[PDB]
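Taking the authors' numbering, I'd label the letters of the sequence shown as residues 2 to 169, 175 to 412.
Positions of the beta carbon are idealized from the N, C-alpha and C atoms, including for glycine.
One structure is given here, and the rest of the page talks about it.
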Amino acid sequence: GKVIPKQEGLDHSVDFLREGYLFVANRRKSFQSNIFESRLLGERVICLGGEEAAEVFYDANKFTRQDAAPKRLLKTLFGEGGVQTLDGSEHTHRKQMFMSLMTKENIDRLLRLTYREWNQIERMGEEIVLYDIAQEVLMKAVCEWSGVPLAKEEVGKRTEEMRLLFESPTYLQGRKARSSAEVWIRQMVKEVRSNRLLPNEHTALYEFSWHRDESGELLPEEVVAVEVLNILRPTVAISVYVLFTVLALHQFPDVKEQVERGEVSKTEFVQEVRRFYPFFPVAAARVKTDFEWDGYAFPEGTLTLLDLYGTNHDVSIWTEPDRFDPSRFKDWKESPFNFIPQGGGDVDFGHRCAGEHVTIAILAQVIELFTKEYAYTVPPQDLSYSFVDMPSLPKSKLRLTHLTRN
Ligand code: HEM
Ligand SMILES: CCCCCCCCCCCCCC(=O)O
């Protein structure tokens, strides 16, 4: 029989913009609570953080993603009708559609495509901006991987579009991008179902354009365009983690040397990059019907936020969360709720991120290239990144000089 700590005032949206990734964490410390209530986007909002609130937030008996995501993110970042917006058996079936791609062999294909693209950054020369090059590498690799025709002369435009999507006046700049992208891919989709274009099996455009939902029926063309965009867009967004991974290599020379000696694996270095650096701030959902957790009352329909970054730095879960220390993962298996940079819960039956294996494999290959394959200088520059602006980026965008093969 407890009261949920409540912030006074009519609107805290401005405060959420002011404090970004530190909003939930500042209030969890301030209140000394894993739960509190704010007002934003016109509504009462319940905020949560930590292992046990995470396990509750991913309890499908208690929470629903139906109408959870705000319509403006549907407009710019997520797409309408996507797997994000789905329920029960329908969601399980479509989520199995995404997971069919994440086989080891199909990811191997992707990683061969990224290696081949990366191999050409020796082309550009003695001075690269890593964020730009990463985006273009990833865009060409993931377009190829998904059977998506991407001509050379249009690589700037399409990669730019995906960037405005995952970085979403600028609001409707991102809106315009989403529209352009969606008709591009919708176009290609109808050329697939009418045999004017023939993408390979085990690619997203092929397997999605042909997908039969649980009725036995193909999906609408715009929905297919959305589901493809939910692979193209976040793969390019991996560029942010590329920046943070090379930054980690430069910022923590001792762990870099432990990576090169094999004391810590590449996977573990990647995990600690995803835990240490901010990227996705909160997941969202809605109380299904009135329930109680921990003596607290959740009213039906209440929008609810789970703190991903904050949970990843939770001092009750992690020893010295503020130290970059990949050895914290060796040998340590995470639960599905204590380490959640790309969502919590079970991937196949919950809304956890589809692309985690892809993310980790691409970042591990980056560690290999930027320690063993290439040599380079990091000149003095602004390598700081924001805790309040979303998403966070090292300011200089990682300017590398004197980049030569080892
Ligand atoms: C190749 C790269 C990626 C792919 C293909 C991908 C794909 C997806 C998909 C399909 C979903 C919806 C899952 C569902 O509704 O069941 C999702 C959600 C999500 N993704 Fe990823 N993503 C990628 C990269 C990333 C990156 C770089 C981040 C950075 C933090 C991230 C974090 C998340 C989070 C937090 C969610 C929501 C979890 C939730 O709603 O419970 N993903 N992703
Ligand atoms: C309620 C979610 C607010 C997110 C606002 C900041 C955007 C950072 C997330 C970008 C991650 C890219 C992955 C994706 O494209 O789906």
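Range of the contiguous beta strand (DSSP E) that encloses residue i
{"i": "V293", "result": "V288 to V293"}
{"i": "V46", "result": "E44 to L49"}
{"i": "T377", "result": "No beta strand (DSSP E) holds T377; DSSP gives it neither H nor E."}
{"i": "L41", "result": "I36 to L41"}
{"i": "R405", "result": "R405 to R411"}
Three-state secondary structure assigned by DSSP to residue i
{"i": "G2", "result": "coil"}
{"i": "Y132", "result": "helix"}
{"i": "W299", "result": "strand"}
{"i": "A26", "result": "helix"}
{"i": "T65", "result": "strand"}
{"i": "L204", "result": "coil"}
{"i": "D313", "result": "strand"}
{"i": "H92", "result": "helix"}
{"i": "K262", "result": "helix"}
{"i": "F58", "result": "helix"}
{"i": "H256", "result": "helix"}
{"i": "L75", "result": "helix"}
{"i": "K158", "result": "helix"}
{"i": "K153", "result": "helix"}
{"i": "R19", "result": "helix"}
{"i": "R358", "result": "coil"}
{"i": "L87", "result": "coil"}
{"i": "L224", "result": "strand"}
{"i": "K339", "result": "coil"}
{"i": "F304", "result": "strand"}
{"i": "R334", "result": "helix"}
{"i": "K401", "result": "coil"}
{"i": "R218", "result": "strand"}
Top-ranked residue by Cα proximity to residue i, from the options
{"i": "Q97", "options": "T410, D354 and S147", "result": "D354"}
{"i": "residue 173", "options": "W299, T377 and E154", "result": "Residue numbering in the chain breaks between 169 and 175, and residue 173 falls inside that break, so it has no position here."}
{"i": "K63", "options": "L389, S185 and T308", "result": "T308"}
{"i": "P332", "options": "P386, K72 and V270", "result": "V270"}
{"i": "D60", "options": "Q264, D16 and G350", "result": "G350"}
{"i": "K401", "options": "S200, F37, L11 and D133", "result": "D133"}
{"i": "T410", "options": "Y212, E227, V293 and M125", "result": "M125"}
{"i": "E20", "options": "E188, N35, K153 and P397", "result": "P397"}
{"i": "residue 413", "options": "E118, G82, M194 and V384", "result": "No information on residue 413 is available, as it lies outside the stretch 2 to 412 that the chain covers here."}
{"i": "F275", "options": "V293, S221 and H256", "result": "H256"}
{"i": "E188", "options": "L235, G2, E44 and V394", "result": "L235"}
{"i": "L311", "options": "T251, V229, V288 and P305", "result": "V288"}
{"i": "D320", "options": "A26, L369 and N412", "result": "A26"}
{"i": "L166", "options": "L111, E223 and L74", "result": "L74"}
{"i": "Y22", "options": "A303, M163, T209 and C48", "result": "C48"}
{"i": "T407", "options": "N318, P240, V4 and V130", "result": "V130"}
{"i": "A231", "options": "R199, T115, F345 and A370", "result": "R199"}
Unbroken alpha helix (DSSP H) run spanning residue i, endpoints
{"i": "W119", "result": "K105 to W119"}
{"i": "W190", "result": "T176 to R199"}
{"i": "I346", "result": "From DSSP, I346 is part of no alpha helix (DSSP H); its letter is neither H nor E."}
{"i": "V276", "result": "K272 to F282"}
{"i": "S215", "result": "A210 to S215"}
Integer Cβ distance of residue i from residue j, believed to fall under 8 Å
{"i": "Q277", "j": "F335", "result": "5 Å"}
{"i": "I244", "j": "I36", "result": "Wrong, their Cβ atoms sit about 32 Å apart, outside the cutoff."}
Practice problem: List in chain order the residues whose CB is within less than 5 Å of at least one heavy atom of ligand 2. | Solution: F167, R239, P240, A243, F286, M396 and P397
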